[PDB]
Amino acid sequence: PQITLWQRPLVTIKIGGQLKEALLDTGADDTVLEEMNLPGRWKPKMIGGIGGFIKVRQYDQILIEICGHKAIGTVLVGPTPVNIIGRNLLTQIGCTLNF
């Protein structure tokens, strides 16, 4: 699809057998999901943004279905206010900006 930006670019995703809504975020290097039940091992990590840093859990090779496109990659889980699909997954679904 083509998506204009008058509203937040939210899409439905399926991850870990669960359905969530997430923001397509060209300003996010990484994908960061609200606290949720993901299976497997992980590695602690810190990420920064506006207002400071948060500790997250880093899961690799996680399958996400993003508005019907499948992608595999790193997903961070932690105290984010909104589910964020970052560039590590946006490139996998062929997402571009256009103006």
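So that the term is clear: the rigid core is the largest set of C-alpha atoms that superpose within 1.5 Å between two forms. Each residue number is its position in the shown sequence, starting from 1.
The rigid core fit leaves 48-56 as the farther-lying stretch in 6 other deposited structures of this protein, judged by Cα positions and set against 27-35 and 48-56. Remark: stretch with higher mean C-alpha B factor among 74-82 and 13-21 is 74-82. The PDB entry reports B-factors from which the mean C-alpha value can be compared for 28-36 and 42-50; the larger average falls on 42-50. The PDB entry assigns its highest CA temperature factor, among 7, 96, 2, 92, to 2.
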